[PDB]
Every structure is written in C-alpha cells, then in structure tokens.
Amino acid sequence: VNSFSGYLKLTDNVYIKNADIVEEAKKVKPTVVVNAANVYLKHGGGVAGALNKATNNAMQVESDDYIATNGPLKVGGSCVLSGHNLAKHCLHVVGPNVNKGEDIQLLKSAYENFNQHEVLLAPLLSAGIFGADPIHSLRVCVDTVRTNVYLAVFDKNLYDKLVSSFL
Ligand SMILES: O=C(O)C1Cc2ccccc2C1
C-alpha cells in the first residue's frame, strides 16, 4: 500500500491523475519525484521551472554544482539529486526535446531510467513544451516502465484526452 490518492489505474504498474506535480509532491513526499530535465539541468520552465521554484531555487544551486563537477547529462539519461522539500530524491530525466530537433526514439531510453526506482511520481516525458505527442509519451511509458509510476498531468483537457484515448 502507498500514499498516492485519486489516481486512475491504467495498467498493473501505471497510474494517472490530473494534478500539479508540485502540489502532489508537497502532499505525498514521495521517495522519488521525476523532473523533466535538460542536459544542462537549467530548470527554467515547464515542470523543471515549477519544481525548482517550489524549492526556492535550491534545486538549481545543487544542479549547477552537479554540472560543474560532472558535465552535462545525455539525452535519454538521468541523475539522482536531492528532492529538497518535495521528495526524498529527484530523478532528473532528459527526454528528447522535439523543439530542439532530438531523436524521439530516445524517449524509450529516457523512461528506462524509471526502472531503477520501485515507485515514482512523474510527469510525461517529452510532453508539454518538449514538443512530443503526450499520447505517444504515455504509450512509451506503459510499454517501458515496469516499476510503479504515478503520472501527474498538469493540463485537465489533456488528462481527459489521455484517458479517453488510452488503449
Ligand atoms: O501538462 C503537463 O503535465 C505537461 C506540462 C509539461 C511541461 C514540461 C515538460 C512536461 C510537461 C507535461
């Protein structure tokens, strides 16, 4: 049994809810919240900007030190950093950004990072301002992630479209 409430069950392991991931993290304090990161961990906008704002910029301070030491992530890759006030840990995952021209086949590789964690609160990778089709992102998620994932979708209109169209 876990703390996640109000989710619709899509499969054995994937659950979905219309929710602000920031507000959901604040309530649940999950072991792992996923950030929709870029390779530079520059948390300017979208989910990353919102998560970072909720940490009072501490996520960005920590991230800048991580990049200064380790250099940029790979598209499709990830790193585990602090969850600050939102979660125990933040898994920063880089999905391909279609608005920068990145290979969408890298979306499966991005979701494979989730399999290293038993339970996660996450957004749809590459969706929103990353330019991918969120329906596609949800299909790759379900067909790739084997661990228990709680997907928070910010847009209500999109949530309803994702549920109604889910196979
Ligand atoms: O409505 C949503 O949940 C989308 C908003 C957003 C922004 C940047 C990255 C992913 C997503 C998912």
# chains A, B, ... in the order shown; residues from 1 in each chain; ligands from 1
$ residues_around --residues "segment 17-29 of chain A" --least-positions-apart "6" --cutoff "9 Å" --atoms "only C-alpha atoms" --output "PDB file with C-alpha atoms, in the first residue's frame"
ATOM      1  CA  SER A   3       0.054   7.295  -0.120  1.00  0.00           C
ATOM      2  CA  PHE A   4      -0.952   8.132  -3.724  1.00  0.00           C
ATOM      3  CA  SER A   5      -4.679   9.097  -3.871  1.00  0.00           C
ATOM      4  CA  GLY A   6      -7.244   9.732  -6.658  1.00  0.00           C
ATOM      5  CA  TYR A   7      -5.273   8.065  -9.481  1.00  0.00           C
ATOM      6  CA  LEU A   8      -6.919   6.113 -12.297  1.00  0.00           C
ATOM      7  CA  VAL A  47       7.832  21.067 -14.969  1.00  0.00           C
ATOM      8  CA  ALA A  50       7.931  24.776 -11.452  1.00  0.00           C
ATOM      9  CA  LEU A  51       9.767  22.167  -9.322  1.00  0.00           C
ATOM     10  CA  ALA A  54       8.958  25.292  -5.288  1.00  0.00           C
ATOM     11  CA  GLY A  83      14.304  16.091  -3.586  1.00  0.00           C
ATOM     12  CA  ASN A  85      11.290  19.965   0.301  1.00  0.00           C
ATOM     13  CA  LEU A  86       9.350  17.964  -2.316  1.00  0.00           C
ATOM     14  CA  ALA A  87      10.579  14.345  -2.099  1.00  0.00           C
ATOM     15  CA  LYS A  88      13.479  12.305  -0.728  1.00  0.00           C
ATOM     16  CA  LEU A 121       5.839  10.375  -9.046  1.00  0.00           C
ATOM     17  CA  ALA A 122       6.489  11.638 -12.611  1.00  0.00           C
ATOM     18  CA  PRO A 123       5.343  13.805 -15.495  1.00  0.00           C
ATOM     19  CA  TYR A 150       2.195   7.700 -10.669  1.00  0.00           C
ATOM     20  CA  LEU A 151       1.821  10.167 -13.539  1.00  0.00           C
ATOM     21  CA  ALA A 152       0.699  13.681 -12.758  1.00  0.00           C
ATOM     22  CA  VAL A 153      -0.685  15.522 -15.819  1.00  0.00           C
ATOM     23  CA  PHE A 154      -0.986  19.353 -15.284  1.00  0.00           C
ATOM     24  CA  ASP A 155      -3.469  20.195 -18.142  1.00  0.00           C
ATOM     25  CA  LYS A 156      -7.178  18.851 -17.330  1.00  0.00           C
ATOM     26  CA  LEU A 158      -5.009  16.785 -21.819  1.00  0.00           C
ATOM     27  CA  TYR A 159      -5.668  14.390 -18.896  1.00  0.00           C
ATOM     28  CA  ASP A 160      -9.159  13.673 -20.247  1.00  0.00           C
TER      29      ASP A 160
END
$ residues_around --residues "segment 62-79 of chain A" --least-positions-apart "6" --cutoff "8 Å" --atoms "only C-alpha atoms" --output "ChimeraX atom specification"
/A:38-42,91-96,106-111,113
$ select_by_dssp --residues "segment 42-156 of chain A" --states "strand (DSSP E or B)" --output "PyMOL selection string"
chain A and resi 78-82+89-93+119-122+148-153
$ write_last_selection --atoms "N, CA, C and O atoms" --output "mmCIF file, in the first residue's frame"
data_model
loop_
_atom_site.group_PDB
_atom_site.id
_atom_site.type_symbol
_atom_site.label_atom_id
_atom_site.label_comp_id
_atom_site.auth_asym_id
_atom_site.auth_seq_id
_atom_site.Cartn_x
_atom_site.Cartn_y
_atom_site.Cartn_z
ATOM 1 N N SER A 78 19.941 10.372 -17.044
ATOM 2 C CA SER A 78 19.379 10.853 -15.782
ATOM 3 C C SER A 78 20.456 10.999 -14.735
ATOM 4 O O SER A 78 21.554 10.412 -14.849
ATOM 5 N N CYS A 79 20.116 11.686 -13.679
ATOM 6 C CA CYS A 79 20.917 11.661 -12.426
ATOM 7 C C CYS A 79 19.978 11.775 -11.260
ATOM 8 O O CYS A 79 18.871 12.325 -11.396
ATOM 9 N N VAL A 80 20.397 11.251 -10.121
ATOM 10 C CA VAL A 80 19.653 11.337 -8.861
ATOM 11 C C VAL A 80 20.233 12.443 -8.013
ATOM 12 O O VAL A 80 21.460 12.419 -7.725
ATOM 13 N N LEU A 81 19.450 13.427 -7.662
ATOM 14 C CA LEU A 81 19.861 14.509 -6.744
ATOM 15 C C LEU A 81 18.849 14.595 -5.616
ATOM 16 O O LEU A 81 17.905 13.780 -5.542
ATOM 17 N N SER A 82 19.025 15.573 -4.770
ATOM 18 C CA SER A 82 18.093 15.763 -3.667
ATOM 19 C C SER A 82 16.695 16.074 -4.157
ATOM 20 O O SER A 82 16.523 16.769 -5.136
ATOM 21 N N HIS A 89 14.242 12.141 -3.013
ATOM 22 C CA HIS A 89 15.159 12.261 -4.148
ATOM 23 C C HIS A 89 14.403 12.867 -5.314
ATOM 24 O O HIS A 89 13.199 12.640 -5.496
ATOM 25 N N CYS A 90 15.159 13.545 -6.191
ATOM 26 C CA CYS A 90 14.678 13.930 -7.536
ATOM 27 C C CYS A 90 15.476 13.193 -8.587
ATOM 28 O O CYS A 90 16.728 13.300 -8.570
ATOM 29 N N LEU A 91 14.784 12.425 -9.397
ATOM 30 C CA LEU A 91 15.393 11.803 -10.572
ATOM 31 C C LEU A 91 15.225 12.759 -11.735
ATOM 32 O O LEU A 91 14.109 12.934 -12.264
ATOM 33 N N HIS A 92 16.326 13.397 -12.128
ATOM 34 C CA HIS A 92 16.309 14.330 -13.281
ATOM 35 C C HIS A 92 16.487 13.506 -14.555
ATOM 36 O O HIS A 92 17.539 12.863 -14.697
ATOM 37 N N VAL A 93 15.459 13.421 -15.370
ATOM 38 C CA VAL A 93 15.480 12.586 -16.585
ATOM 39 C C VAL A 93 15.372 13.503 -17.785
ATOM 40 O O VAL A 93 14.485 14.343 -17.836
ATOM 41 N N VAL A 119 9.128 2.918 -6.942
ATOM 42 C CA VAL A 119 7.941 3.798 -7.007
ATOM 43 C C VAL A 119 8.372 5.221 -7.389
ATOM 44 O O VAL A 119 9.328 5.741 -6.790
ATOM 45 N N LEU A 120 7.641 5.881 -8.269
ATOM 46 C CA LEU A 120 7.974 7.274 -8.652
ATOM 47 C C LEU A 120 6.724 8.072 -8.889
ATOM 48 O O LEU A 120 5.717 7.529 -9.438
ATOM 49 N N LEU A 121 6.780 9.337 -8.579
ATOM 50 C CA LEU A 121 5.839 10.375 -9.046
ATOM 51 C C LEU A 121 6.489 11.058 -10.239
ATOM 52 O O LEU A 121 7.652 11.512 -10.107
ATOM 53 N N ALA A 122 5.824 11.172 -11.369
ATOM 54 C CA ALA A 122 6.489 11.638 -12.611
ATOM 55 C C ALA A 122 5.524 12.410 -13.468
ATOM 56 O O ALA A 122 4.317 12.144 -13.499
ATOM 57 N N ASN A 148 6.520 0.981 -10.395
ATOM 58 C CA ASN A 148 5.199 1.613 -10.157
ATOM 59 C C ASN A 148 5.301 3.121 -10.325
ATOM 60 O O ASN A 148 5.987 3.814 -9.542
ATOM 61 N N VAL A 149 4.629 3.615 -11.321
ATOM 62 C CA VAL A 149 4.721 5.032 -11.701
ATOM 63 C C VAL A 149 3.357 5.695 -11.566
ATOM 64 O O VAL A 149 2.350 5.170 -12.095
ATOM 65 N N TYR A 150 3.359 6.832 -10.898
ATOM 66 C CA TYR A 150 2.195 7.700 -10.669
ATOM 67 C C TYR A 150 2.405 8.940 -11.504
ATOM 68 O O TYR A 150 3.296 9.783 -11.181
ATOM 69 N N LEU A 151 1.661 9.068 -12.573
ATOM 70 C CA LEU A 151 1.821 10.167 -13.539
ATOM 71 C C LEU A 151 0.903 11.301 -13.163
ATOM 72 O O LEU A 151 -0.345 11.123 -13.038
ATOM 73 N N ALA A 152 1.501 12.474 -13.006
ATOM 74 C CA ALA A 152 0.699 13.681 -12.758
ATOM 75 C C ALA A 152 0.658 14.473 -14.070
ATOM 76 O O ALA A 152 1.732 14.783 -14.613
ATOM 77 N N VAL A 153 -0.545 14.688 -14.593
ATOM 78 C CA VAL A 153 -0.685 15.522 -15.819
ATOM 79 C C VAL A 153 -1.252 16.882 -15.385
ATOM 80 O O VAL A 153 -2.311 16.883 -14.764
#
$ atom_distance --atom1 "atom CA of residue 102 of chain A" --atom2 "atom CA of residue 146 of chain A"
24.8 Å
$ residues_around --residues "residue 135 of chain A" --least-positions-apart "6" --cutoff "10 Å" --atoms "only C-alpha atoms" --output "list in words"
residues 124, 127, 141, 158, 159, 161, 162, 163, 165 and 166 of chain A
$ select_by_dssp --residues "segment 65-125 of chain A" --states "alpha helix (DSSP H)" --output "PyMOL selection string"
chain A and resi 65-70+106-112
$ closest_residue --among "A:133, A:164, A:98, A:48" --to "ligand 1" --atoms "only C-alpha atoms and all ligand atoms"
A:48
$ closest_residue --among "A:167, A:16, A:36, A:140" --to "ligand 1" --atoms "only C-alpha atoms and all ligand atoms"
A:36
$ closest_residue --among "A:134, A:44, A:128, A:30" --to "ligand 1" --atoms "only C-alpha atoms and all ligand atoms"
A:128
$ atom_distance --atom1 "atom CA of residue 126 of chain A" --atom2 "atom CA of residue 97 of chain A"
6.1 Å
$ residues_around --residues "residue 112 of chain A" --least-positions-apart "4" --cutoff "8 Å" --atoms "only C-alpha atoms" --output "list in words"
residues 108, 116, 144 and 145 of chain A
$ atom_distance --atom1 "atom CA of residue 59 of chain A" --atom2 "atom 4 (C, counted along the ligand's line) of ligand 1"
19.5 Å
$ closest_residue --among "A:37, A:99, A:115, A:58" --to "ligand 1" --atoms "only C-alpha atoms and all ligand atoms"
A:37
$ closest_residue --among "A:55, A:49, A:101, A:43" --to "residue 131 of chain A" --atoms "only C-alpha atoms"
A:101
$ closest_residue --among "A:33, A:53, A:15, A:117" --to "residue 147 of chain A" --atoms "only C-alpha atoms"
A:117
